[PDB]
Amino acid sequence: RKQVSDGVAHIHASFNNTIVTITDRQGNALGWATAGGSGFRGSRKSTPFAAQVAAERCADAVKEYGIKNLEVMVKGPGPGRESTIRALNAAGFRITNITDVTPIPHXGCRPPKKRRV
Amino acid sequence: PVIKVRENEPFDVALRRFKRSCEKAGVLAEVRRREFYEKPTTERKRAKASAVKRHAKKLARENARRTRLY
Amino acid sequence: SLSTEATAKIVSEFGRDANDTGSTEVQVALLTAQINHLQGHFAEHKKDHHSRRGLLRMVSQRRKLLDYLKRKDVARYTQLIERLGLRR
Amino acid sequence: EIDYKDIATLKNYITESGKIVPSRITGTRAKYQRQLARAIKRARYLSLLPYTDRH
Amino acid sequence: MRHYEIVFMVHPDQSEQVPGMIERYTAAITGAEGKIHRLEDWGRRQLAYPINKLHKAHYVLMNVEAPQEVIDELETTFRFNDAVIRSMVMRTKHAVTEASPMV
Amino acid sequence: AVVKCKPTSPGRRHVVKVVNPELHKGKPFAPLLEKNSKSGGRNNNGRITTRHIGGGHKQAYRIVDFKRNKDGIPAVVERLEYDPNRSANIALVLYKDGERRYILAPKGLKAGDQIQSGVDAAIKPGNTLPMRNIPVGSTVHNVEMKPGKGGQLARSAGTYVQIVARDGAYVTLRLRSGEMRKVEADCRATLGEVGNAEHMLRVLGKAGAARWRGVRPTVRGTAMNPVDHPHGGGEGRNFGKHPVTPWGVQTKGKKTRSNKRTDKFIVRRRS
RNA sequence: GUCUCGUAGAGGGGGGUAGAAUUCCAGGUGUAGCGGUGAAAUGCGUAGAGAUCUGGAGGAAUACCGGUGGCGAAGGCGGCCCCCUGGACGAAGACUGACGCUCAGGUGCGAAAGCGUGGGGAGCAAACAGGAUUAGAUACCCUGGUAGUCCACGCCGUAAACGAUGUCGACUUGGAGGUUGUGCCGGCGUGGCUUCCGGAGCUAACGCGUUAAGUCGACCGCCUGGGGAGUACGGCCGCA
RNA sequence: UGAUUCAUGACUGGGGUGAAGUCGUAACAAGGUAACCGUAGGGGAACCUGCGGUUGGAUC
Ligand SMILES: [K+]
Ligand SMILES: [K+]
Ligand SMILES: [K+]
Ligand SMILES: [K+]
Ligand SMILES: [K+]
Ligand SMILES: [K+]
Ligand SMILES: [K+]
Ligand SMILES: [K+]
Ligand SMILES: [K+]
Ligand SMILES: [K+]
Ligand SMILES: [K+]
Ligand SMILES: [K+]
Ligand SMILES: [K+]
Ligand SMILES: [K+]
Ligand SMILES: [K+]
Ligand SMILES: [K+]
Ligand SMILES: [K+]
Ligand SMILES: [K+]
Ligand SMILES: [K+]
Ligand SMILES: [K+]
Ligand SMILES: [K+]
Ligand SMILES: [Mg+2]
Ligand SMILES: [Mg+2]
Ligand SMILES: [Mg+2]
Ligand SMILES: [Mg+2]
Ligand SMILES: [Mg+2]
Ligand SMILES: [Mg+2]
Ligand SMILES: [Mg+2]
Ligand SMILES: [Mg+2]
Ligand SMILES: [Mg+2]
Ligand SMILES: [Mg+2]
Ligand SMILES: [Mg+2]
Ligand SMILES: [Mg+2]
Ligand SMILES: [Mg+2]
Ligand SMILES: [Mg+2]
Ligand SMILES: [Mg+2]
Ligand SMILES: [Mg+2]
Ligand SMILES: [Mg+2]
Ligand SMILES: [Mg+2]
Ligand SMILES: [Mg+2]
Ligand SMILES: [Mg+2]
Ligand SMILES: [Mg+2]
Ligand SMILES: [Mg+2]
Ligand SMILES: [Mg+2]
Ligand SMILES: [Mg+2]
Ligand SMILES: [Mg+2]
Ligand SMILES: [Mg+2]
Ligand SMILES: [Mg+2]
């Protein structure tokens with residue numbers, strides 16, 4: 001119920017889903033939406049469109065906070081890397097900064113075995 | 001990839017820049033390469049194949065500037 | 001492993017003069033010095049197999065030089081193994 | 001000879017994210033590319049240079 | 001008698017101890033017939049990344065020629081001194097006296 | 001060293017000895033000896049209160065200095081010795097003022113080594129300091145639990161304690177059990193590990209070797225009659241009940257710690 | 001073959017340390033999903049997950065550099081720092097004077113898996129369990145997961161351990177590169193190792209082609225139709 | 001009292017040949033999960049799975 005105006009949007013863009021979480025500048029979450037909970041399952045959930053719908057719903061969940069400015073942190077290789085950012089600017093927020101925070105091990109742990117499909 | 005949108009810079013211009021800084025970092029190719037484990041014999045096999053292809057293709061290109069098609 | 005000073009000392013003690021680095025006695029004494037010096041390294045590093053290959057080459061190189069000296073001048077051979085403390 | 005202290009020169013051979021730039025792009029000789037990589041890795045340990053840009 | 005290059009970084013809150021630490025160390029090299037080829041005080045610099053949550057540190061660079069034994073002792077001093085947050089000892093081919101690129 | 005016996009008789013075939021050529025071969029230091037007669041596991045009501053204890057070899061008690069509070073005076077190790085009373089070896093040390101004492105022998109300690117205790121002692125195996133003055137991450141043994149009380153933790157052969165953190169008046173320790181335990185930082189500890197780590201590699205080899213150590217046979221409860229033990233009874237080998245102690249308490253997982261007074265010091269139980 | 005001076009190198013053994021990431025633990029914010037697939041379900045989540053922030057614990061591996069690049073007898077070797085240590089190469093000389101080449105038997109080294117004892121265990125994952133797919137599915141796919149992978153010491157002695165090409169030496173047109181020395185005045189030479197093409201010649205052909213599968217010499221190993229069979233029996237070795 | 005050799009033995013191990021009945025479809029094309037080597041575990045069977053290795057893999 002306290003105003004913030006300066007938040008941070010975190011985009012978790014995996015191959016199967018997109019999670020959008022808006023926090024303040026200290027990491028405290030204010031609201032979230034996901035492509036899977038916006039009415040899409042299966043092959044529809046892992047699309048750029050479903051990611052866009054999630055970005056809108058997240059913008060609505062935090063409209064009480066009076067957020068005006070956003071930094072954007074994108075994480076992952078999924079199809080919702082760009083449509084979520086496009087929708088966050090179309091939602092009225094002023095996109096101040098865009099950053100990739102995808103984790104990269106500097107070697108790290110052995111990955112799972114290759115799939116034989 | 002840290003794109004600071006500067007003043008008066010429209011959003012689309014910043015969006016195309018961030019995309020450029022990502023591709024120039026190879027983050028997407030690096031993530032896709034780390035999704036599953038590649039046996040060291042497999043890594044060596046495909047490093048050699050890419051070098052044989054880079055070479056044998058250039059050597060045919062030289063033989064295609066010294067020949068007429070019609 | 002042998003330093004320059006230690007090497008030069010051996011050349012003077014077993015050679016004809018200061019730059020007789022090639023005589024059989026000098027070579028055998030030089031190999032003997034490195035073999036003995038490396039015994040302390042391999043007492044601590046028993047699994048240093050790669051270095052030990054170099055040591056075993058010194059041992060076989062010394063054996064061949066000794067067998068040559070013994071075939072040429074037995075007297076020089078007897079003196080040499082006595083000064084160095086070798087069984088044969 | 002390359003110096004891990006000579007930070008101004010080293011910055012020419014690292015990307016914006018901090019990665020060492022390939023010698024095929026900077027046109028560096030192979031023998032000196034190996035000295036650059038060693039120097040850059042020492043500077044990173046001394047915190048004269050970053051490991052990754054998200055610092 | 002080999003040539004070494006020593007860099008150590010001091011907790012900024014103990015900056016007032018650096019001139020004392022410097023004298024104590026070189027006294028240990030000199031007292032063992034070792035020489036000091038170069039000694040620079042870089043002061044507080046911004047760290048490229050945080051160390052122990054810090055963001056700055058006081059750098060010192062020396063170049064000495066000492067026996068391995070006193071250098072082994074110097075490194076024991078660094079490890080157990082809480083003010084020294086990071087150090088680095090390197091062999092050098094020859095003595096280095098010219099001014100470093102920091103100064 | 002760990003030495004297998006040759007099978008010249010059935011009682012020798014499986015014996016494995018721990019042979020240490022550095023232990024003193026003569027008699028112990030007499031001014032630090034006391035008599036210590038045996039109990040058979042019986043208390044002052046004359047009742048057996050711990051089963052399976054009796055007999056074994058006569059043993060003299062060696063007075064061991066667990067407090068290590070002779071500060072500022074160096075001591076030199078004179079010899080290592082066998083101590084029948086414990087798994088660790090002990091070391092006879094001579095202080096500069098001419099006093100001799102026994103200490104637990106740390107790993108690596110040998111005759112001629114120098115040791116010291118106090119706030120200003122060097123960080124070396126065998127030296128004793130308040131844990132306030134010992135670097136976090138160090139390996140220590142013979143750790144006090146209350147300042148001045150004397151060492152009580154990590155005294156057995158090959159054991160040690162890790163100082164994992166230091167917060168205010170307390171340090172956090174990882175014990176051999178796996179427990180994480182808080183102890184006052186003013187409590188002392190000795191650097192290094194208790195020696196004689198090969199102790200656990202010995203193999204007794206025969207029944208009599210346990211009898212030499214004062215251990216009497218264990219009779220299984222299922223081999224008894226019902227009047228003797230909850231497990232007793234049966235025509236043939238029968239069981240059919242949840243395993244319990246001779247006094248009826250479950251003995252395969254039921255926890256028995258109940259000390260609310262010291263709960264505040266256990267950061268994390270061993271499991 | 002020895003000595004002198006220097007050069008490059010993931011060559012080996014020992015110790016220390018750094019940053020990224022995964023997992024786990026604690027706490028803050030926050031709320032209905034997460035995860036997974038071809039689609040699902042098992043699984044996880046209102047007992048507050050997933051997401052996000054802070055702190056801690058621990059193990060393993062070292063992004064970029066990085067390269068038909070380098071080193072090593074082969075197997076193999078990749079962050080940084082120190083300590084111990086092997087080999088190779090070059091330039092000028094000096095020294096020894098055939099001291100050489102090959103090698104049955106013998107001895108040593110020898111990936112991964114596996115075995116023994118003691119540790120360690122994040123991630124991965126034989127076996128195993130469940131969910132799917134299917135006519136079935138003791139699989140491929142999904143969710144989990146134990147040996148094992150890691151460390152110390154010992155054993156085992158095998159791999160398409162391959163260039164499917166034994167070691168050493170001499171000789172015989174060329175072209176373009178890589179890498180590492182060195183001489184001379186970017187230019188001209190001269191050494192080492194290495195990649196691709198191709199001439200004569202060779203080859204059943206494919207191809208090889210100065211790093212030969214060309215032309216010769218020295219010594220060793222090995223083959224003699226397919227199956228039975230690298231099996232049986234015996235010996236030796238091994239804890240198996 | 002041993003050694004060696006020949007004959008024979010309830011039962012049992014795998015092998016060859018014939019014939020084709022039953023069960024599947026492992027390999028040959030990318031053989032529909034690239035194949036194969038060593039090793040280990042599992043499975044009515046061909047085999048499957050892990051770890052390292054090879055190209056004597058198609059596509060790119
Ligand atoms: K004892
Ligand atoms: K019993
Ligand atoms: K019973
Ligand atoms: K009974
Ligand atoms: K009975
Ligand atoms: K070296
Ligand atoms: K042989
Ligand atoms: K798994
Ligand atoms: K089917
Ligand atoms: K496991
Ligand atoms: K084996
Ligand atoms: K090969
Ligand atoms: K060259
Ligand atoms: K040249
Ligand atoms: K041969
Ligand atoms: K076994
Ligand atoms: K018979
Ligand atoms: K198959
Ligand atoms: K195939
Ligand atoms: K297999
Ligand atoms: K069956
Ligand atoms: Mg997966
Ligand atoms: Mg030599
Ligand atoms: Mg008992
Ligand atoms: Mg007792
Ligand atoms: Mg018992
Ligand atoms: Mg009875
Ligand atoms: Mg009863
Ligand atoms: Mg019965
Ligand atoms: Mg029954
Ligand atoms: Mg293994
Ligand atoms: Mg087994
Ligand atoms: Mg094992
Ligand atoms: Mg084990
Ligand atoms: Mg699985
Ligand atoms: Mg074979
Ligand atoms: Mg190989
Ligand atoms: Mg190969
Ligand atoms: Mg072969
Ligand atoms: Mg050719
Ligand atoms: Mg032929
Ligand atoms: Mg056989
Ligand atoms: Mg064997
Ligand atoms: Mg098939
Ligand atoms: Mg197939
Ligand atoms: Mg076989
Ligand atoms: Mg299976
Ligand atoms: Mg599988």
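What you see below is based on every heavy atom in this structure, not just the backbone, and it leaves out hydrogens, waters and symmetry mates. Each chain gets a letter, A, B and so on, in the order its sequence line appears, and its residues count up from 1.
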Provide, to the nearest angstrom, the distance between the [atom1] atom belonging to [X] and the [atom2] atom belonging to [N].
X: A:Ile104; N: G:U62; atom1: CD1; atom2: P; answer: 17 Å
X: D:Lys19; N: G:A63; atom1: NZ; atom2: P; answer: 12 Å
X: E:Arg86; N: G:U17; atom1: CZ; atom2: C1'; answer: 9 Å
X: E:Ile85; N: G:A18; atom1: CD1; atom2: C1'; answer: 13 Å

Report task. Could you pick out which residue, A:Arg110 or A:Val117, lies toward the 5' side of RNA chain H when each is mapped onto its nearest nucleotide? Result -> A:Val117

So, under a plain 3.5 Å distance rule, would you say the side chain of [X] forms a donor-acceptor pair with the base of [N]?
X: C:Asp48; N: G:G12; result: yes
X: C:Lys72; N: G:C99; result: no
X: C:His50; N: G:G75; result: yes
X: D:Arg44; N: G:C64; result: yes
X: A:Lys45; N: G:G36; result: yes
X: C:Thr21; N: G:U2; result: yes
X: B:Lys39; N: H:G53; result: yes
X: A:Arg41; N: G:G35; result: yes

Query raised in the report: Taking atom CG of E:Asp82 as the centre, does the number of heavy atoms from other residues, nucleotides or ligands within less than 6.0 Å exceed 12?
Result: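 Counting other residues, nucleotides and ligands, CG of E:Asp82 stays at 12 neighbours or fewer.
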
Query raised in the report: Is it the case that more than 12 heavy atoms not belonging to F:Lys4 sit under 6.0 Å from its NZ atom?
Result: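 Yes, enclosed.
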
Report summary line: Its glycosidic angle compared against 90° from 0, H:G9 adopts the form anti

Do [X] and [Y] form a cation-pi contact, if we require the NZ or CZ to be under 6.0 Å from the six-membered ring centre and within 45 degrees of the ring's axis?
X: D:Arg38; Y: D:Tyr4; value: no
X: E:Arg86; Y: D:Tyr45; value: yes
X: C:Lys70; Y: C:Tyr77; value: yes

Would the bases of [N] and [M] meet the stacking rule of centres under 5.5 angstrom and planes under 30°?
N: G:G78; M: G:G79; result: no
N: G:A94; M: G:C95; result: yes
N: H:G42; M: H:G43; result: yes

Requested in this report: Using atom types as modelled and distance alone, determine if a side-chain donor or acceptor of C:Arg52 lies under 3.5 Å from a backbone N or O of C:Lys46.
Outcome: yes

Report which part of the nucleic acid [X] touches: base, sugar-phosphate, or nothing (heavy-atom distance under 4.0 Å, all strands).
X: B:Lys58; result: nothing
X: E:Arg91; result: sugar-phosphate
X: A:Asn16; result: base
X: B:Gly26; result: nothing
X: C:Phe42; result: nothing
X: C:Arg62; result: nothing

Query - Base-pairing assignment for G:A205 (Watson-Crick or G-U wobble, both under 3.5 Å) - result: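 Base partner found: none.
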
With both distances under 3.5 Å required, do [N] and [M] pair Watson-Crick or G-U wobble?
N: G:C223; M: G:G105; value: no
N: G:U173; M: G:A212; value: no
N: G:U182; M: G:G189; value: yes
N: G:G118; M: G:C77; value: no
N: G:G6; M: G:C89; value: yes

Students should be able to answer this: classify the pucker of [N] from the sign of its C1'-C2'-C3'-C4' torsion, north or south.
N: H:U33; answer: south
N: G:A94; answer: north
N: G:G58; answer: north
N: G:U37; answer: north
N: G:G97; answer: south

Query - Is_stacked (A:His106, G:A63) at 5.5 Å, 30 deg - result: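 A stacking contact exists, since A:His106 sits close and nearly parallel to the base ring of G:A63.
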
Query raised in the report: Closest nucleotide of RNA chain G for B:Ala56 versus for F:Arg174: which of these residues is on the 5' side?
Result: F:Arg174

Requested in this report: Would you mind telling me which residue lines up with the more 5' stretch of RNA chain G, A:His10 or A:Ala35, judged by nearest nucleotide?
Outcome: A:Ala35

Query raised in the report: Think B:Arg46 has a side-chain N or O under 4.0 angstrom from the OP1 or OP2 of H:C60?
Result: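 It does not, given that no N or O in the side chain of B:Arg46 lies less than 4.0 Å from OP1 or OP2 of H:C60.
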
**Report entry** Check ion pair C:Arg76-C:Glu25 (N to O, under 4.0 angstrom)
**Finding:** yes

